[PDB]
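J.: This one is entry-v9.tsv, TSV, N, CA and C atoms.
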```tsv
chain	number	residue	atom	x	y	z
A	1892	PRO	N	50.67	-84.34	13.72
A	1892	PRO	CA	49.24	-84.18	13.99
A	1892	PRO	C	48.62	-83.15	13.07
A	1893	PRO	N	47.33	-83.28	12.76
A	1893	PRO	CA	46.65	-82.29	11.92
A	1893	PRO	C	46.54	-80.95	12.64
A	1894	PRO	N	46.66	-79.84	11.92
A	1894	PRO	CA	46.56	-78.53	12.56
A	1894	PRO	C	45.16	-78.26	13.09
A	1895	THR	N	45.10	-77.41	14.11
A	1895	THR	CA	43.84	-76.98	14.70
A	1895	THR	C	42.95	-76.31	13.66
A	1896	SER	N	41.65	-76.60	13.74
A	1896	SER	CA	40.65	-76.08	12.81
A	1896	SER	C	40.62	-74.55	12.81
A	1897	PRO	N	40.79	-73.92	11.65
A	1897	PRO	CA	40.80	-72.45	11.57
A	1897	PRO	C	39.51	-71.84	12.10
A	1898	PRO	N	39.55	-70.57	12.50
A	1898	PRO	CA	38.37	-69.94	13.09
A	1898	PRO	C	37.52	-69.24	12.04
A	1899	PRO	N	36.23	-69.08	12.30
A	1899	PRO	CA	35.34	-68.46	11.31
A	1899	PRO	C	35.64	-66.98	11.11
A	1900	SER	N	35.08	-66.45	10.02
A	1900	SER	CA	35.32	-65.07	9.63
A	1900	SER	C	34.68	-64.10	10.63
A	1901	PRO	N	35.29	-62.93	10.85
A	1901	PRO	CA	34.74	-61.97	11.81
A	1901	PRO	C	33.69	-61.07	11.17
A	1902	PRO	N	32.86	-60.41	11.97
A	1902	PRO	CA	31.76	-59.63	11.41
A	1902	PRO	C	32.27	-58.41	10.67
A	1903	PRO	N	31.50	-57.91	9.70
A	1903	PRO	CA	31.88	-56.68	9.00
A	1903	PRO	C	31.70	-55.44	9.86
A	1904	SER	N	32.38	-54.36	9.45
A	1904	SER	CA	32.39	-53.07	10.12
A	1904	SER	C	31.08	-52.30	9.90
A	1905	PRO	N	30.69	-51.46	10.86
A	1905	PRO	CA	29.42	-50.74	10.72
A	1905	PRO	C	29.51	-49.61	9.71
A	1906	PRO	N	28.40	-49.22	9.10
A	1906	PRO	CA	28.42	-48.16	8.08
A	1906	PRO	C	28.12	-46.80	8.68
A	1907	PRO	N	28.47	-45.72	7.97
A	1907	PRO	CA	28.19	-44.36	8.46
A	1907	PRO	C	26.83	-43.86	8.02
A	1908	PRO	N	26.30	-42.83	8.67
A	1908	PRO	CA	25.01	-42.25	8.26
A	1908	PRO	C	25.16	-41.24	7.13
A	1909	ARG	N	24.03	-40.63	6.76
A	1909	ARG	CA	23.95	-39.71	5.63
A	1909	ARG	C	23.42	-38.35	6.07
A	1910	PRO	N	24.02	-37.25	5.63
A	1910	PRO	CA	23.60	-35.91	6.08
A	1910	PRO	C	22.36	-35.43	5.35
A	1911	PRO	N	21.67	-34.42	5.88
A	1911	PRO	CA	20.45	-33.91	5.23
A	1911	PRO	C	20.77	-32.84	4.21
A	1912	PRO	N	19.83	-32.51	3.32
A	1912	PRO	CA	20.11	-31.54	2.26
A	1912	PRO	C	19.70	-30.13	2.65
A	1913	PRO	N	20.37	-29.11	2.11
A	1913	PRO	CA	20.03	-27.74	2.46
A	1913	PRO	C	18.72	-27.32	1.84
A	1914	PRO	N	18.05	-26.31	2.40
A	1914	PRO	CA	16.74	-25.88	1.87
A	1914	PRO	C	16.87	-25.28	0.48
A	1915	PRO	N	15.88	-25.51	-0.39
A	1915	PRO	CA	15.95	-24.94	-1.73
A	1915	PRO	C	15.66	-23.45	-1.71
A	1916	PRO	N	16.11	-22.71	-2.73
A	1916	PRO	CA	15.94	-21.26	-2.71
A	1916	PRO	C	14.48	-20.87	-2.80
A	1917	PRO	N	14.12	-19.68	-2.30
A	1917	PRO	CA	12.72	-19.27	-2.32
A	1917	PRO	C	12.27	-18.95	-3.74
A	1918	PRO	N	10.96	-19.06	-4.02
A	1918	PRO	CA	10.48	-18.85	-5.38
A	1918	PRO	C	10.64	-17.41	-5.85
A	1919	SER	N	10.71	-17.25	-7.16
A	1919	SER	CA	10.88	-15.94	-7.77
A	1919	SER	C	9.66	-15.06	-7.51
A	1920	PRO	N	9.85	-13.81	-7.07
A	1920	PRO	CA	8.70	-12.96	-6.79
A	1920	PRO	C	7.99	-12.55	-8.07
A	1921	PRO	N	6.67	-12.38	-8.02
A	1921	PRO	CA	5.93	-11.92	-9.20
A	1921	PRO	C	6.17	-10.45	-9.46
A	1922	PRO	N	6.06	-10.01	-10.72
A	1922	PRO	CA	6.17	-8.59	-11.03
A	1922	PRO	C	4.91	-7.85	-10.63
A	1923	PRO	N	4.97	-6.52	-10.49
A	1923	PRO	CA	3.81	-5.76	-10.00
A	1923	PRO	C	2.66	-5.77	-11.00
A	1924	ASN	N	1.54	-5.20	-10.55
A	1924	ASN	CA	0.29	-5.14	-11.30
A	1924	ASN	C	0.47	-4.59	-12.71
A	1925	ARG	N	-0.43	-4.96	-13.61
A	1925	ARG	CA	-0.29	-4.61	-15.02
A	1925	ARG	C	-0.60	-3.15	-15.28
A	1926	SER	N	0.43	-2.32	-15.28
A	1926	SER	CA	0.42	-0.91	-15.67
A	1926	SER	C	-0.56	-0.08	-14.85
A	1927	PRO	N	-0.69	1.21	-15.12
A	1927	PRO	CA	-1.78	1.99	-14.53
A	1927	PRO	C	-3.04	1.90	-15.37
A	1928	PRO	N	-4.19	2.25	-14.80
A	1928	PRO	CA	-5.43	2.29	-15.58
A	1928	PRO	C	-5.47	3.53	-16.47
A	1929	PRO	N	-6.35	3.55	-17.46
A	1929	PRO	CA	-6.45	4.71	-18.36
A	1929	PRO	C	-6.79	5.99	-17.61
A	1930	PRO	N	-6.30	7.14	-18.07
A	1930	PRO	CA	-6.47	8.39	-17.31
A	1930	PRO	C	-7.89	8.92	-17.41
A	1931	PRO	N	-8.39	9.55	-16.35
A	1931	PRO	CA	-9.74	10.13	-16.38
A	1931	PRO	C	-9.75	11.49	-17.05
A	1932	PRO	N	-10.88	11.87	-17.66
A	1932	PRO	CA	-10.94	13.19	-18.32
A	1932	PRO	C	-10.94	14.38	-17.37
A	1933	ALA	N	-11.70	14.29	-16.27
A	1933	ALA	CA	-11.99	15.33	-15.28
A	1933	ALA	C	-13.30	16.01	-15.66
A	1934	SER	N	-14.08	16.45	-14.68
A	1934	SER	CA	-15.47	16.82	-14.93
A	1934	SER	C	-15.82	18.20	-14.38
A	1935	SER	N	-16.77	18.83	-15.07
A	1935	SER	CA	-17.53	19.99	-14.61
A	1935	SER	C	-16.71	21.27	-14.51
A	1936	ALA	N	-16.98	22.06	-13.47
A	1936	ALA	CA	-16.34	23.36	-13.30
A	1936	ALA	C	-15.62	23.48	-11.96
A	1937	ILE	N	-16.30	23.09	-10.88
A	1937	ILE	CA	-15.80	23.21	-9.52
A	1937	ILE	C	-15.58	24.67	-9.13
A	1938	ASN	N	-16.59	25.51	-9.34
A	1938	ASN	CA	-16.52	26.92	-8.97
A	1938	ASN	C	-17.82	27.32	-8.30
A	1939	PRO	N	-17.70	28.01	-7.16
A	1939	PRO	CA	-18.86	28.31	-6.34
A	1939	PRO	C	-19.64	29.50	-6.89
B	1552	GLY	N	-10.69	24.31	7.98
B	1552	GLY	CA	-9.94	25.34	7.30
B	1552	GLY	C	-9.08	24.81	6.16
B	1553	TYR	N	-8.67	23.56	6.26
B	1553	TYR	CA	-7.63	23.01	5.41
B	1553	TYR	C	-8.23	22.04	4.40
B	1554	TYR	N	-7.37	21.51	3.53
B	1554	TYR	CA	-7.81	20.60	2.48
B	1554	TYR	C	-6.65	19.69	2.09
B	1555	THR	N	-6.99	18.62	1.38
B	1555	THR	CA	-6.00	17.66	0.89
B	1555	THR	C	-6.48	17.12	-0.45
B	1556	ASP	N	-5.70	17.34	-1.51
B	1556	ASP	CA	-6.08	16.85	-2.83
B	1556	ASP	C	-5.54	15.46	-3.11
B	1557	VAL	N	-4.21	15.32	-3.15
B	1557	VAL	CA	-3.57	14.03	-3.41
B	1557	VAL	C	-3.52	13.24	-2.12
B	1558	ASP	N	-3.18	11.95	-2.22
B	1558	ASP	CA	-3.27	11.06	-1.06
B	1558	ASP	C	-2.10	11.26	-0.10
B	1559	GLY	N	-0.88	11.09	-0.59
B	1559	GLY	CA	0.27	11.13	0.28
B	1559	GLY	C	0.65	12.52	0.77
B	1560	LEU	N	-0.29	13.23	1.37
B	1560	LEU	CA	0.00	14.55	1.90
B	1560	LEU	C	0.35	14.44	3.37
B	1561	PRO	N	1.56	14.82	3.78
B	1561	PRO	CA	1.91	14.71	5.20
B	1561	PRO	C	1.08	15.61	6.09
B	1562	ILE	N	0.86	16.85	5.67
B	1562	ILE	CA	0.09	17.82	6.44
B	1562	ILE	C	-0.98	18.43	5.55
B	1563	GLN	N	-2.16	18.65	6.11
B	1563	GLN	CA	-3.27	19.20	5.35
B	1563	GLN	C	-2.98	20.65	4.99
B	1564	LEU	N	-3.05	20.97	3.70
B	1564	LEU	CA	-2.72	22.30	3.23
B	1564	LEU	C	-3.84	23.28	3.57
B	1565	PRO	N	-3.50	24.52	3.90
B	1565	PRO	CA	-4.53	25.52	4.21
B	1565	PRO	C	-5.16	26.11	2.95
B	1566	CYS	N	-6.42	26.51	3.09
B	1566	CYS	CA	-7.14	27.12	1.98
B	1566	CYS	C	-6.52	28.47	1.62
B	1567	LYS	N	-6.32	28.70	0.33
B	1567	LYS	CA	-5.69	29.92	-0.14
B	1567	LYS	C	-6.64	31.10	0.03
B	1568	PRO	N	-6.12	32.33	-0.01
B	1568	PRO	CA	-6.99	33.50	0.13
B	1568	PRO	C	-8.07	33.54	-0.94
B	1569	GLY	N	-9.21	34.11	-0.59
B	1569	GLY	CA	-10.35	34.17	-1.48
B	1569	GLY	C	-11.02	32.83	-1.68
B	1570	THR	N	-10.90	31.94	-0.71
B	1570	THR	CA	-11.54	30.63	-0.75
B	1570	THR	C	-11.92	30.24	0.67
B	1571	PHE	N	-12.86	29.32	0.79
B	1571	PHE	CA	-13.33	28.90	2.10
B	1571	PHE	C	-13.86	27.48	2.04
B	1572	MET	N	-13.55	26.69	3.07
B	1572	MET	CA	-14.08	25.34	3.20
B	1572	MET	C	-14.91	25.23	4.48
B	1573	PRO	N	-16.20	24.95	4.39
B	1573	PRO	CA	-17.01	24.79	5.59
B	1573	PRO	C	-16.77	23.43	6.24
B	1574	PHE	N	-17.22	23.33	7.49
B	1574	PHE	CA	-17.04	22.09	8.24
B	1574	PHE	C	-17.76	20.93	7.58
B	1575	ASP	N	-19.00	21.14	7.17
B	1575	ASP	CA	-19.81	20.08	6.57
B	1575	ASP	C	-20.56	20.64	5.37
B	1576	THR	N	-21.20	19.74	4.63
B	1576	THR	CA	-21.92	20.15	3.43
B	1576	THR	C	-23.16	20.96	3.76
B	1577	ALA	N	-23.82	20.66	4.87
B	1577	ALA	CA	-25.07	21.31	5.22
B	1577	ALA	C	-24.90	22.35	6.32
B	1578	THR	N	-23.72	22.47	6.90
B	1578	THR	CA	-23.45	23.48	7.93
B	1578	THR	C	-22.66	24.65	7.37
B	1579	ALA	N	-22.83	24.96	6.09
B	1579	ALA	CA	-22.13	26.08	5.47
B	1579	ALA	C	-22.96	27.34	5.65
B	1580	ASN	N	-22.55	28.44	5.02
B	1580	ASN	CA	-23.32	29.67	5.09
B	1580	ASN	C	-23.82	30.09	3.71
B	1581	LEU	N	-22.91	30.18	2.74
B	1581	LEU	CA	-23.25	30.60	1.38
B	1581	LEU	C	-22.66	29.58	0.40
B	1582	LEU	N	-23.43	28.54	0.11
B	1582	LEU	CA	-23.05	27.55	-0.89
B	1582	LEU	C	-24.20	27.30	-1.84
B	1583	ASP	N	-23.92	27.36	-3.13
B	1583	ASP	CA	-24.88	26.94	-4.14
B	1583	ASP	C	-25.29	25.49	-3.89
B	1584	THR	N	-26.59	25.23	-3.94
B	1584	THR	CA	-27.10	23.93	-3.51
B	1584	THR	C	-26.60	22.78	-4.36
B	1585	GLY	N	-26.10	23.05	-5.56
B	1585	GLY	CA	-25.66	21.98	-6.44
B	1585	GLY	C	-24.22	21.54	-6.24
B	1586	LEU	N	-23.73	21.59	-5.01
B	1586	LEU	CA	-22.37	21.15	-4.74
B	1586	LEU	C	-22.25	20.76	-3.27
B	1587	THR	N	-21.20	19.99	-2.97
B	1587	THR	CA	-20.93	19.52	-1.62
B	1587	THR	C	-19.43	19.61	-1.36
B	1588	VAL	N	-19.07	19.58	-0.08
B	1588	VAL	CA	-17.66	19.66	0.30
B	1588	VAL	C	-17.18	18.31	0.81
B	1589	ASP	N	-16.64	17.49	-0.09
B	1589	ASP	CA	-16.04	16.23	0.32
B	1589	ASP	C	-14.84	16.47	1.22
B	1590	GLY	N	-14.03	17.47	0.90
B	1590	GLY	CA	-12.85	17.76	1.68
B	1590	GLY	C	-11.59	17.86	0.85
B	1591	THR	N	-11.70	17.61	-0.45
B	1591	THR	CA	-10.55	17.65	-1.34
B	1591	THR	C	-10.52	18.88	-2.23
B	1592	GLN	N	-11.52	19.75	-2.15
B	1592	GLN	CA	-11.57	20.94	-3.00
B	1592	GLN	C	-12.04	22.13	-2.17
B	1593	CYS	N	-11.29	23.22	-2.23
B	1593	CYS	CA	-11.60	24.42	-1.47
B	1593	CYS	C	-12.35	25.38	-2.38
B	1594	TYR	N	-13.63	25.58	-2.10
B	1594	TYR	CA	-14.50	26.36	-2.97
B	1594	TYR	C	-14.16	27.85	-2.92
B	1595	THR	N	-14.55	28.55	-3.98
B	1595	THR	CA	-14.29	29.98	-4.11
B	1595	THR	C	-15.34	30.78	-3.36
B	1596	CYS	N	-14.92	31.92	-2.81
B	1596	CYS	CA	-15.79	32.73	-1.98
B	1596	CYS	C	-16.81	33.46	-2.85
B	1597	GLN	N	-18.07	33.41	-2.44
B	1597	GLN	CA	-19.17	33.91	-3.24
B	1597	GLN	C	-19.13	35.44	-3.32
B	1598	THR	N	-19.75	35.97	-4.38
B	1598	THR	CA	-19.86	37.40	-4.62
B	1598	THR	C	-20.25	38.16	-3.35
B	1599	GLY	N	-19.54	39.25	-3.09
B	1599	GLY	CA	-19.79	40.06	-1.91
B	1599	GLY	C	-19.17	39.48	-0.66
B	1600	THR	N	-18.03	38.81	-0.81
B	1600	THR	CA	-17.27	38.25	0.30
B	1600	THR	C	-15.80	38.32	-0.06
```
Could I get this structure in the form of structure tokens?

T.:
Amino acid sequence: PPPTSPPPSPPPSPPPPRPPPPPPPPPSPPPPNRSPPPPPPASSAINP
Amino acid sequence: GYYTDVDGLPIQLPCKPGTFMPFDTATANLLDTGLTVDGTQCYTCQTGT
């Protein structure tokens, strides 16, 4: 007799998920204000 | 009685001898009219004081 009809293929296996990425580093801080202002001469006498 | 010149002064420095700081510019006793007391300069004591 002919053999029994073979069975169909079984379903594929499920896939895994994907992890999230770490936070990027904080931005570089700016350098302080541009130098001091020019010096003042000073005025008058200041004597009573 | 005291004064402060620079900003970061922890305690107000006292006026040195032979000098005086009044409470206000117009509540003084002997001040030449051409000056005022902001609070950062301790004026010199006038002649006869």

J.: Specify as a list in words all residues of chain A found within 8 Å of chain B, counting all atoms listed in the file.

T.: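 Taken together, these residues fit the definition: residues 1937, 1938 and 1939 of chain A.
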
J.: Would you export the selected residues with N, CA and C atoms as a compact mmCIF listing (two decimals), in the coordinates of the input, please?

T.:
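again25.txt, freshly written:
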```
# COMPACT_ATOMS: atom_id res chain seq x y z
N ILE A 1937 -16.30 23.09 -10.88
CA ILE A 1937 -15.80 23.21 -9.52
C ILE A 1937 -15.58 24.67 -9.13
N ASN A 1938 -16.59 25.51 -9.34
CA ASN A 1938 -16.52 26.92 -8.97
C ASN A 1938 -17.82 27.32 -8.30
N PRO A 1939 -17.70 28.01 -7.16
CA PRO A 1939 -18.86 28.31 -6.34
C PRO A 1939 -19.64 29.50 -6.89
```

J.: To one decimal place in Å, what is the distance between atom CA of residue 1578 of chain B and atom CA of residue 1559 of chain B?

T.: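 Going from atom CA of residue 1578 of chain B over to atom CA of residue 1559 of chain B, I get 27.8 Å.
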
J.: Mind listing whatever residues come within 8 Å of the point (-18.9, 18.3, 3.5)? Use only C-alpha atoms, file coordinates, and give them as a tab-separated table (two decimals) with N, CA and C atoms, in the frame of the given file.

T.:
```tsv
chain	number	residue	atom	x	y	z
B	1573	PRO	N	-16.20	24.95	4.39
B	1573	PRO	CA	-17.01	24.79	5.59
B	1573	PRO	C	-16.77	23.43	6.24
B	1574	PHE	N	-17.22	23.33	7.49
B	1574	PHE	CA	-17.04	22.09	8.24
B	1574	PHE	C	-17.76	20.93	7.58
B	1575	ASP	N	-19.00	21.14	7.17
B	1575	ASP	CA	-19.81	20.08	6.57
B	1575	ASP	C	-20.56	20.64	5.37
B	1576	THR	N	-21.20	19.74	4.63
B	1576	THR	CA	-21.92	20.15	3.43
B	1576	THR	C	-23.16	20.96	3.76
B	1577	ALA	N	-23.82	20.66	4.87
B	1577	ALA	CA	-25.07	21.31	5.22
B	1577	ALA	C	-24.90	22.35	6.32
B	1587	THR	N	-21.20	19.99	-2.97
B	1587	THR	CA	-20.93	19.52	-1.62
B	1587	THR	C	-19.43	19.61	-1.36
B	1588	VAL	N	-19.07	19.58	-0.08
B	1588	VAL	CA	-17.66	19.66	0.30
B	1588	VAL	C	-17.18	18.31	0.81
B	1589	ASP	N	-16.64	17.49	-0.09
B	1589	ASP	CA	-16.04	16.23	0.32
B	1589	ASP	C	-14.84	16.47	1.22
B	1590	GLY	N	-14.03	17.47	0.90
B	1590	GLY	CA	-12.85	17.76	1.68
B	1590	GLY	C	-11.59	17.86	0.85
```

J.: Please compute the atom C of residue 1572 of chain B-atom N of residue 1552 of chain B distance, one decimal, in Å.

T.: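 Between atom C of residue 1572 of chain B and atom N of residue 1552 of chain B the gap is 5.6 Å.
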
J.: Could you tell me how far atom C of residue 1564 of chain B lies from atom CA of residue 1580 of chain B, in Å and to one decimal?

T.: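 Separation between atom C of residue 1564 of chain B and atom CA of residue 1580 of chain B: 20.6 Å.
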